[PDB]
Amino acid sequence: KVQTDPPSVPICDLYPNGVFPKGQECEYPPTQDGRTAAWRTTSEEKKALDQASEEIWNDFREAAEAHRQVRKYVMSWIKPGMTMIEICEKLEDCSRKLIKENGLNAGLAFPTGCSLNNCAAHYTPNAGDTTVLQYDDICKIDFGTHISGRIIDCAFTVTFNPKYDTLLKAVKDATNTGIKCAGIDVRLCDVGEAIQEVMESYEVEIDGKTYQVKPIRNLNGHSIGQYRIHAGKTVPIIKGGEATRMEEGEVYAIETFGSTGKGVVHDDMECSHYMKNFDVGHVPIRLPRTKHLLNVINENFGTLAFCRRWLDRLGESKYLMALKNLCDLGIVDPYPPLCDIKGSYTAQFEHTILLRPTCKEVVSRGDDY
């Protein structure tokens, strides 16, 4: 009934009623004709629709409460001096328990991203990484949870030196502006346009030098499908236009990235993230090690992302060759770290939002951000 100091009680065991707490519920922003949505709030049909998908939203909520209670715990102990591995393992151990891990029914949506400084996304330590968090590092903690495939992609930036304060603020504000500007019938390009107006209205000072915060042009937000971290649509982050419009009932990961470098990321360092291609079908394989690894991936991760450590813990050993095979065969896709130029700094803020018929829900919102 009550959560223990160091979190240990599944979110499921904390709410005996089976109903989980909603996120921040906003009213879809108007348009040119000031077209308010004070009607969707209680329209008769839009209310029935929402009630129809009620169990889905509830799943997203059970996953968001896991995320909120885990990141809250991480913010109390993450300190420079700890290795990137100890950090991720302490974060995932807790996350496995609150979400009440259970095969594909409930678990960790993707690996724990702790991309450092100029690296903005997709870096997680591999066995052997001796990297230690430093007082001057700007670490992006990006991890996800899920219940029955309903994914919560939510992230924040951690720092210990205040010289980054105003940078985090630029990006946190850009992220919120994106969340606030999003909604049914809103064109992606417009969301990107705005996120950039705000983002670039900030300018910071770091170690004597001064920069105008830049959105990482080739990074962005995305729509979220069941067991599919990237459903299909994308949220710009800059003057990009895409060619689409957000629709009713969609789930989006709103995230923005700010940088002091070029505002462009590139594949860098060693690969840790991997994910079975959703579109790819059943391919027959006779090669032993490859066949067995693919079985492990289907059994433990489905089309959800994973990392080398997650293979290690399952007892898998010497599997890089088999992994490269699945990658070459196009069955598995590698997701390397995305880093901007050396010396630059980068920050991120992400939230998962539900575009429900009656109102817009920032399901992953919390006391913190």
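Numbering starts at 1 and runs along the sequence shown.
Residue 65 is built in all of the other entries compared, counting only those with both neighbours built, so it is not a gap in a third.
The records show that residue 50 is included in the coordinate set of every other eligible entry of this protein, so it is not omitted in a third of them. Taking only CA atoms, the mean B-factor in the PDB entry is higher for 49-57 than for the other of 49-57 and 65-73. Higher mean CA B-factor, judged across 352-360 and 14-22 from the recorded values: 14-22.
In the PDB entry, the Cα temperature factor peaks, among 316, 44, 333, 340, at 44. Within the listed group 106, 171, 235, 132, the record reports its top CA B-factor for 235.
Sort the modelled residues of the chain by CA B factor and residue 27 lands in the highest third. Among all modelled residues in its chain, residue 227 ranks in the middle third by Cα B-factor. Per the PDB record, residue ranking by Cα B-factor puts residue 241 in the highest third of the chain. When all modelled residues of the chain are sorted by CA temperature factor, residue 36 is found within the highest third. Sort the modelled residues of the chain by CA B factor and residue 277 lands in the highest third.
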